[PDB]
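K.L.:
so I've got this experimental structure, pasted below with the sequence.
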Amino acid sequence: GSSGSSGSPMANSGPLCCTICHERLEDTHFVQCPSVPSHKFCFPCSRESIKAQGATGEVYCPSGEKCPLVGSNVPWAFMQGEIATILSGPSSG
Ligand SMILES: [Zn+2]
Ligand SMILES: [Zn+2]
């Protein structure tokens, strides 16, 4: 299917997929809502939300629903730690 530098480096394969891309997920690594099973945002999906919402501040669900933490009555906000792990590049050169 889709093979080459231009486009997805993989073909339409896999049971689970992203919610924003709706194509495929490299691996579980993708950011999955701790409350919403359907919500499936990969690395190149959460970041955009981390900056839009608050790169240095809090970052709610990349969907814009502010889904609360499973069991807990508080929204999950990426921590400085992950914020960088997913970003993989703070500089926008
Ligand atoms: Zn995605
Ligand atoms: Zn969510």
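P.N.:
Nice, thanks for sending it over. Residues are numbered from 1 along each chain as shown. Ligands and ions are numbered 1, 2, ... in the order given.

K.L.:
make it CA atoms for all contacts and neighbour counts henceforth
P.N.:
OK.

K.L.:
residues making contact with stretch 29-37?
P.N.:
Contacts with stretch 29-37, where a contact means C-alpha atoms under 8 Å, 6 or more residues apart in numbering, come from 39-43, 46, 61, 67-70.

K.L.:
typed the wrong thing, it's stretch 38-55
P.N.:
Contacts for stretch 38-55 (C-alpha under 8 Å, 6+ apart): 17-20, 25, 29-33, 58-63, 78, 83, 86-87.

K.L.:
one more: stretch 14-22?
P.N.:
23-25, 38-42, 45.

K.L.:
re earlier: the contacts of stretch 29-37: which ones sit near ligand 1?
P.N.:
41-42 (C-alpha under 5 Å from the ion).

K.L.:
what subset of the contacts of stretch 29-37 is buried?
P.N.:
39-43, 46, 61, 67-68 (16 or more other C-alpha atoms under 10 Å).

K.L.:
tell me the buried residues in the strand or helix carrying residue 49?
P.N.:
Using DSSP states H and E, residue 49 sits in helix 43-54. Neighbour counts using 16+ other C-alpha under 10 Å place 43, 45-47, 49-51, 53 of helix 43-54 among the buried residues.

K.L.:
say whether ligand 1 is contacted by the following helix or strand past it.
P.N.:
Per DSSP H and E, the first helix or strand lying C-terminal to helix 43-54 is helix 80-87. No - judged by C-alpha under 5 Å from the ion, helix 80-87 stays clear of ligand 1, getting no closer than 12.2 Å.

K.L.:
so what touches helix 80-87?
P.N.:
43, 46-47, 50, 55-56, 90.

K.L.:
any idea which of the contacts of stretch 14-22 is closest to residue 6?
P.N.:
Among the contacts of stretch 14-22, residue 23 lies closest to residue 6 (C-alpha to C-alpha), at 14.9 Å.
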